[PDB]
Structure formats: C-alpha cells, structure tokens
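Protein chains in written order, with the authors' numbering: chain g, 1 to 52; chain U, 5 to 55, 62 to 77, 84 to 135; chain f, 2 to 51; chain b, 2 to 101; chain Z, 3 to 134; chain a, 3 to 134; chain W, 3 to 134; chain V, 2 to 134. By construction, the Cβ of each residue, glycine as well, lies at the ideal position given by its N, Cα and C atoms. All remarks here apply to the structure that follows.
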Amino acid sequence: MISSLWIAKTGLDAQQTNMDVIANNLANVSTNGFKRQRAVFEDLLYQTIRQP
Amino acid sequence: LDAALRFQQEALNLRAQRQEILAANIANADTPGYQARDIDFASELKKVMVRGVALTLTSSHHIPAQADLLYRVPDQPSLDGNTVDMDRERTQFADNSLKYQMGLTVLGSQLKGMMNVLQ
Amino acid sequence: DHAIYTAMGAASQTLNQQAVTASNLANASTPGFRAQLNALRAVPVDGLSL
Amino acid sequence: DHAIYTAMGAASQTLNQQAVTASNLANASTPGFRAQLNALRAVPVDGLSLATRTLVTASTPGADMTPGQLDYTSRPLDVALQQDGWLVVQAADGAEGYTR
Amino acid sequence: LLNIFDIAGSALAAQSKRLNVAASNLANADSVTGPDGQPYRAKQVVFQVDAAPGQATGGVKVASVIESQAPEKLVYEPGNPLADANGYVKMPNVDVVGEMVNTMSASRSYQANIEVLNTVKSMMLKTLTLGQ
Amino acid sequence: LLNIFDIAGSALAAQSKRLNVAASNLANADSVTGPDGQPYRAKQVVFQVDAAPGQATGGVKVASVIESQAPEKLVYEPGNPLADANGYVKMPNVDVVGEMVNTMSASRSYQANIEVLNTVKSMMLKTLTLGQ
Amino acid sequence: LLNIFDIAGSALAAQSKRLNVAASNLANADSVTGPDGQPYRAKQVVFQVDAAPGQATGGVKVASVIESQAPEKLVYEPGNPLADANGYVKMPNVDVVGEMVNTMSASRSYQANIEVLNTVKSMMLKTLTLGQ
Amino acid sequence: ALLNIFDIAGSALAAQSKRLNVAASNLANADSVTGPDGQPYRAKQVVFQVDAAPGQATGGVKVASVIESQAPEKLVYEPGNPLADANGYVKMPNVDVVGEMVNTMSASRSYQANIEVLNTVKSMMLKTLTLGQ
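Below, the structure is given as structure tokens:
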C-alpha cells in the first residue's frame, strides 16, 4: 500500500485520539480534583529521497 | 508406429476433462456444501500414458463390443457450507484454458509435420 | 466473494438491533415495562485453514 | 513509445506530491509544525537531436516559515517565539536543532 | 447438449431462478395478503448438483423451490380482517438486506458463468481447426 | 500452474483473505462476547513472500492469521455479566478507521493484480501462435 | 527504402515526436522551475513537408522544435525565490485541453499512417506475385 | 533470415518474460511485511545487457544479474505490530506501484514485438525454401 493512504490514516487516528481526550475531558466536569488532559502530537521521521 | 501422437492426444483429452471439472466448480460456486474437486494433472497423465482385450471373433453376427477426483484443500471456511474459492478456481481455469490451447497447437503442428512429409 | 455474506450478516443483525431498541423505546410510558437490552455475538466459523 | 515513461514519471511524482501534502496535512494541530511546501521541477533530457522530452521530478524546496497562529493556554512555561525565531535544542545525535 | 455447455448453462438457469426468487421476495415484502388470504411466505430456492449416475459432479440443479420457515413476524391491527383473536396480522418476514445481497451475488455468479461459456466457445472453435 | 498465473493468483487469494479479515473485524466491532464468552480478539494477516527455495522471490503466502495484541479497550457495566471486579466489559479492540483504510487498500491491490493478469494473458495468447 | 514506406515512416516519426511534445507539456504543466531556474516554456513542434527538391510533395519532417512564445502566465508568491521585484513566479503556460486534443489527434494520425503502411506492404508483396 | 536470428529474438523473449515475472512479483508483494527468515521484502529489478559480449557485433539481450532496487525503503509506524523496531517502524517494502504497472505494460508490448519478429523470420525462411521451384 502506498504511503499516502497510511499517512492520512495516521492523521485520522490522531484526530480520533484527540477527540477521545476531549470527550474524557468533558465527561469529567463535576469530578472533584480532576485535572484537564491535553493531547500533544509529533511528526515522524522524514524519509529523505534526494538530498538537495 | 503412429502412436507418437498418443502423448499429446491424451494430454489434450485430460485437459478437456479438467476443463469440465473446473467449469463444474465455477457453476457450483454457491450451492451449499459442494466441497470443490480437482484432479492432479501430472499423475493422471503419467497413468494414462503408462497404461483392453478384443472379444471372441467367431462367425459373423457375433457382436464385438466394449465399454481421481481429488479434494482441493480449502482456505477461508464459510459455514454457509461451500468450499469453492473463486480466486483459485478462476486462476486454475484460465491456466487450464491456456494449456489446452498449447496442447492443441502442438498436436496440430505434429499433424502438419506428418502431412508435410507426405508431399 | 463470501466476505459480502459476513458484512450482510452484520447489516441484517444491526437492523434487528434497531427493531429491539424501537420496541425498547416505543414502550416509554408503559407502566412497569422492563427495558430489553441487546448485544452482538461474534460467531467464529472455525473450519480447515485460515 | 518512450513517451509513456515521461507520463509515468509525472504520475509517479504526483503521488509523491500527494504524499507530501498528506504528511503536511495530517500534521495540523502538531505544535509548532512547519509545513513542508512542495514544487515540481521540469527536467529536460538534453540529447543528440530534437530535445522534446522533459520529466516532472517532485521536490520539496523547503519549509513554510509563516508563523502559525497562537493558542493561549496560560501555562507558565509554554513559549511562543516571535517571527523568524527559534528555540535551540540538543538533538539526538547532539547538535543544535531549531524548533518552534 | 455438449457437456460443459450443459454445466455452465445449468448454472445460468439456476442463477436466473435464484435472482427471480429474490426479486419476488423483495417486491412482495410489505404485502398484507395473498389471493386466498394468507401471509406471503418468503420464497427460497434449493441448489443441488446434477448428473447423479456418473462422475458425481457437474452443473447445478435448482429443484424444489420452498417457502421459508422463519416465524412470520406479526403486527397489530385489530380492525383489519385477516387478524386472528388477539388481533394480529401476519406480515411477511422478508429480510430486505439479505435479499439485496442475494441479488448482487446472483448477478455476479451469472456473469461468471456467462463468461466461462464464452471462453469454452472460443476453445471449441479453435479445436475444430486442428491441423486444418 | 504457469508461473505468473501462480504469482498473481496468490496475490489475489492473499488479498481476499485480508479483505475477509477486515470485513470480519469491521462487522464485529462493538460485539460484547464470543461463543465461549471472551472478548472478540481482533485479527490481522501477515504477508510473507512465497517461494522460499529458488530465486527467493515471487508470490505471497499469508498463512497463520494471527491476533492483534492491542489491549482490549474496556467499558464499565457492573450489571452485565462478563465484568470482573471493578466491573469492566471487554469490548473488542477493533480500529474501525484502520479497517476502512485497510479495505480500500486491499481492494486497490486486488484490482491492480487483476489488471496485470489481463495484460499478461493477452501476451500469452499471442505467444502460442508462434509460427502456425 | 521504397518511396512510399519512406513517406509513411516519416509520418510515423513526426507523429511520435508530436505526441512526445504534447506529453511533456501535459506532464510539466504546473512546474515552477527548470534546471537553472526559469519557467518551463511550453513546447510545440513544427511540421513541414519533406522532399524539398522534387515533386514538392511527400512525407512530413518535424525539424526545428520551437517554443510557444505566449506571455507565460504569472502567479504571486513573494516569498518564493525565482520571484522578481513584484514577486511573480513564472508558471508555465500549458493549456491542458489543447494538449489533450493534440494527443488524441496525434494518436489517430499515427494509427492512420501505420495502417497505410500495412496496406502498402500487402500491395507490394502481392505485386511480387505478378504472373507466377 | 539467418538461423542466428532465432537465438536473438528468443533471448529477447526470455529476457522480457523474466522482467515481467519480476515486476509481477513486485506488484504482488507490495505490503509484504516480512520475509520467510523475517526481513522486509526488497523490491527487485532485472539488469539488461547485450548478449555475447566479446567480438560479436550486435545481437540479443541477456538478463543476467537480477539486482535489488535502492529505493529508500519507505516506513510506516505501527508500534502495536511486531516486526517494528525501537521507534516502532514496520519496514514496508519499497515498491513504486505506478512504475511497476508501466513496466509490465511495456514488457508485454516488447514481448509481443519479438514474438512477431520470430513469426516473420520463419515465414521468410520457409519462402527461402521455395527457391527455384
């Protein structure tokens, strides 16, 4: 499978994980002492093909 | 003599029988519990090549007379019953048709050689 | 070519779940009604290979 | 007949552009990420007569140094640089990488 | 009838009859009554192999169309006739998505057998030209 | 089987098994229990290159369909049986978007192999008319 | 080389070169830079009649590929290098519809000349059986 | 219509066939995570040379020394699947799918051309036999 499909797939999964974080964060209003949780993402190692 | 043609004769006939078997497999693609079949071409062809008695020949009006389905191992169980895998059947059918054409060409070329020797 | 049937199964079964909830749901304001919860079962097709 | 190769090149290289965009595009909401802008280069094939073919090689000239837009989090040690600024960071191998 | 022609054509006939049954079901779902006045019972075909004496395989026969034995889902309309005591009409139990998948699967099998026939026709016509 | 028919047919069969795994996983997403009473463990197919002896290359073998070892995401229902202490139902660990992407990828690989088979088949018919 | 084969073969060469130029245009449309850094200037071929001394007719020669000197439509990206004062990238001026029609017509003309060649070859091989 | 043109065109047929079989292997084994010993599959290419190097003049093609393509071996990231190393990266063979499509396309076309050349030469030679009579 080509790289474009799986790159967009990992983008979709990252957005899904962010939404999971947000939904948990919103369910836990009125939970005493709860601390809001923030998702932090990162890029992956760049496959160089032709050096400049 | 003139049994040099026997080998490709039997090979072509066996290819045709295998074609009939594979067409039966395709036709029964969706009947429940069909349990698809096949033959082993090399073994059948060897067996036919390696191997018939003419009856009593007394006064006339004497009436001279005369007269292995292997199971393909399935992948992807169904529990709708059947075990015909369409992709395997299609590739086998296409290959069989191609090899039947080859055998037909070879037998025709042998016949052409024999007929060309005679003029 | 049999994948479709598995998918068909799911779709068909999902429709039945819908009906359950509908029967579960139209019965609001029915005195003493007991809601009928539903579930989906994986049914493996254990056969010869793969 | 060799025209197909040139066309193939384009098709293949266009997929590469797609790939870049995808990686460029999945990385929204990645902190301080710099979009990797991309271009297509014509490549003439200078030869012995009738210079008619050119290839379509894909390339990434660099990154887009346009400051992304700021999110106010009030966290005491979350930092935003001004335009054209970089925080210096000891990379994995050990050398001053620059990040936003 | 040539043997492989018989096999593939029998498959074509069986697939056509299966598609016809599926269309009849998909059309007569949502039908209150029959002619004499009874539930419409979803119909199904039964597939069997052919040419029993000899070779034990070859082609498909569709003998004995039957009526499905699903439990005849009821609805409540105790003003409409055809409803028994505890007014309940019979309302055919056709599984629409199953019948849609039946239609597509039958069409695909039809295509497969059609094209097999065409291939065998080409093979035989080149068989006639053996030598000459 | 001729060589390329084998290679491409193996690709087709492997892609079909991958698609069946994807369809099964996608269909059993949100399925509380199996027969024995166990989480439905999501499935994966591993592609090895076929032809280990000789030229080391050609064709694909996908034997031993295995289980994806992600952690069986849980939900809290201590009224449902199948929940342990700290009531937690087991709730299959199927990544639905991964399965949709996987389905599209499998379909595209399937179609590519169909196309290569078509081209090569035209080539072979031309081959047999070699001379005659 | 017999005269008519030369005429039709020159037609084939000219059509192939025309199709190659069209493909290069259609492929490098939207290409920011050349090797040294300059716009890709859209390319055209020049068709002229061959056999200049003698009969004034016969064959087509595509000597002297030229450039289409239309004013090279601009875009505005004043952070991109290759942008002058008044940042204006140069952006090759290839009209895709024209190039697609060129490819279609070139393929059809190619076919016509190929099939003229076949006709003529049969004509001559039949001439060799003149009498005997 | 010499007999040493059968050798040339037959060698061309064999070389085209082997190239096409390799390209089919490449296209089939795209997204083949592992090798039998356990290794990412390396997409391969075939090397075409002129046959009968010394002296000769020109004649035939040889497909000796099938080699291994040096594309950068694209990665994916699935740190739930085994066969992913530290910084979980499934190694994912490096197949340029459209390039391989076109390779098969052109391989079929060249094979067909050489088959035809064989037939044409045989017709030339059989009409050579009818020299005199």
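Per DSSP, the unbroken beta strand (DSSP E) holding residue 98 (chain b) starts and ends at 97-100. DSSP links residue 40 (chain a) through a beta bridge to no other residue.
One alpha carbon belongs to residue 10 (chain f), the other to residue 79 (chain a), and they sit about 26 angstroms apart.
Contact between residue 26 (chain V) and residue 59 (chain a) is confirmed by a C-beta separation of about 5 angstroms, below the 8 angstroms threshold. Here residue 14 (chain W) carries a helix assignment [DSSP, helix/strand/coil]. For residue 78 (chain V), the residues of chain g that pass the 9 angstroms Cβ criterion are 6, 10, 44 and 45, in the order they occur in the chain. Taking one beta carbon from each stretch, the region 15-22 of chain b and the region 12-20 of chain W have fewer than 3 pairs nearer than 8 angstroms; the two do not touch. With the criterion set as a beta carbon lying under 8 angstroms from some beta carbon of chain g, the members of the region 89-108 of chain V are 90 and 98, in sequence order. Against chain a, the beta carbon of residue 33 (chain U) has no neighbour under 7 angstroms; the closest one sits roughly 14 angstroms away. Under a criterion of Cβ atoms nearer than 7 angstroms, the residues of chain U adjacent to residue 18 (chain a) are, in order, 103. Taking a C-beta cut-off of 7 angstroms against chain a, the contacting residues of the region 116-129 of chain V are 116, 119, 120 and 123, listed in chain order. Bounds of the beta strand (DSSP E) holding residue 89 (chain b) are 88-91. Rounded to whole angstroms, the Cβ separation of residue 31 (chain V) and residue 83 (chain V) is 20 angstroms, and the two are not in contact under 8 angstroms. Distance from the CA atom of residue 51 (chain W) to the CA atom of residue 102 (chain W), rounded to whole angstroms, is 24 angstroms. Contact between the region 14-24 of chain U and the region 109-121 of chain U is established, with three or more Cβ pairs separated by less than 8 angstroms. Taking the Cα positions, residue 32 (chain b) is about 17 angstroms away from residue 10 (chain g). What residue 26 (chain b) touches in chain V, judged by beta-carbon distance under 7 angstroms, is nothing: the nearest beta carbon there is about 16 angstroms away. Per DSSP, residue 23 (chain g) is one residue of the alpha helix (DSSP H) stretching across 3-27. Put simply, the CB of residue 48 (chain f) is far from chain a, with every gap to its CB atoms at 8 angstroms or more. Nearest to residue 104 (chain V) by C-alpha distance, out of V:61, V:130, V:46 and V:3, is V:46.
Taken through DSSP and simplified to helix, strand or coil, residue 55 (chain b) comes out as strand. In this structure residue 66 (chain Z) is exposed. Its beta-carbon is surrounded by fewer than 16 other beta-carbon atoms within 10 angstroms. Residue-level contact check: residue 38 (chain f) does not touch chain Z, since none of the beta carbons of chain Z fall below 8 angstroms from its beta carbon. The beta carbon of residue 92 (chain Z) lies closer than 6 angstroms to those of 41 and 74 in the same chain, with the five residues before and after it left out.
Beta-bridge partners assigned by DSSP to residue 41 (chain U): U:87. Apart from the 5 residues on each side of it in sequence, residue 77 (chain Z) sits with its Cβ closer than 6 angstroms to the Cβ of 91 and 93 in its chain, given in chain order. Under the three-state reduction of DSSP output, residue 111 (chain Z) falls in the helix class. The C-alpha of residue 4 (chain g) lies about 29 angstroms from the C-alpha of residue 7 (chain f). The DSSP-derived three-state label of residue 77 (chain V) is strand. Going by beta carbons, residue 41 (chain b) and residue 57 (chain b) fall inside the 8 angstroms limit. Of all alpha-carbon atoms in g:44, g:45, g:16 and g:26, the one lying nearest the alpha-carbon of residue 37 (chain g) is that of g:26.
Of the residues assessed, residue 102 (chain U) falls on the buried side of the cut-off, its CB having 16 or more other CB atoms within 10 angstroms. Your pair residue 99 (chain U) and residue 40 (chain U) checks out as a contact, with CB atoms roughly 6 angstroms apart and the cut at 8 angstroms.
Counting every other CB atom within 10 Å of its CB across the protein chains shown gives residue 20 (chain a) a total of 16 or more, marking it as buried. Within a 10 Å sphere around the beta-carbon of residue 75 (chain b) sit fewer than 16 other beta-carbons, which makes this residue exposed.
The beta carbon of residue 10 (chain Z) sits closer than 8 angstroms to some beta carbon of chain U.
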